[PDB]
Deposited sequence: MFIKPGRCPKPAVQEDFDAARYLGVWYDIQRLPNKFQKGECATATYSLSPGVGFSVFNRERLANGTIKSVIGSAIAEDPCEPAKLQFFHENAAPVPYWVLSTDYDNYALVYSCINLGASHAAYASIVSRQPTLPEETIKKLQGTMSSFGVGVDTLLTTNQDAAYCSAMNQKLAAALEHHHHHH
């Protein structure tokens, strides 16, 4: 996931409301880095929220990873840090969301003169209308993400049946 240049710093969702963002989200499109991916965001007894990521492996098994998400600076609640089990902390930015349909999430780490980027369009449903996807690919283009490089997540009902 490596491109030349430093991390861009795109705009994040204004007035981000973590409470409305909780619940289940489905991956629709992502940069290259399992299928049927969902994230579930929950109340945390501490600060931030707890994260449950699930995906189907090519062999039919469900991989799952638990994590925590915390906005370090509370004045920018849309810029989080994600802590996964046995992973180092990674940035997680909610660039744009309506809370009820779509979200666009971004994550970038500097590597000298290069950077590694993760980006993802997610939805409250296993699908998202083509018009919305287009809008969000527009946003991604504005800070240099190549639309060609985007993979479509397989969210087929039958293939993803093992996710209950």
When the deposited sequence is counted from residue 1, which ranges lack any model?
-> 1, 35-38, 170-183
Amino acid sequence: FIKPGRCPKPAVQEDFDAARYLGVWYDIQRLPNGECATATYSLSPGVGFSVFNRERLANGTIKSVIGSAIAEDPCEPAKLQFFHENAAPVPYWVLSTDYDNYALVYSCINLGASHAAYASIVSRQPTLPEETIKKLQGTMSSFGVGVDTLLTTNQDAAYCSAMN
From here on, numbers count along this sequence of modelled residues.
Averaging only over Cα atoms, indicate whether 113-121 or 66-74 has the higher B-factor in the PDB entry.
-> 66-74
Looking only at C-alpha temperature factors in the entry, 141-149 or 18-26, the higher average sits in 141-149
Specify which of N33, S50, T127, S107 carries the largest Cα B factor in the deposited PDB entry.
-> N33
Ranked against its chain, the third holding the CA B-factor of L43 = highest
Record-listed C-alpha B factor of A87: chain third | highest
In terms of the chain's CA B-factor thirds, is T61 lowest, middle or highest?
-> highest
Lowest, middle or highest third - CA B-factor, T97 = lowest
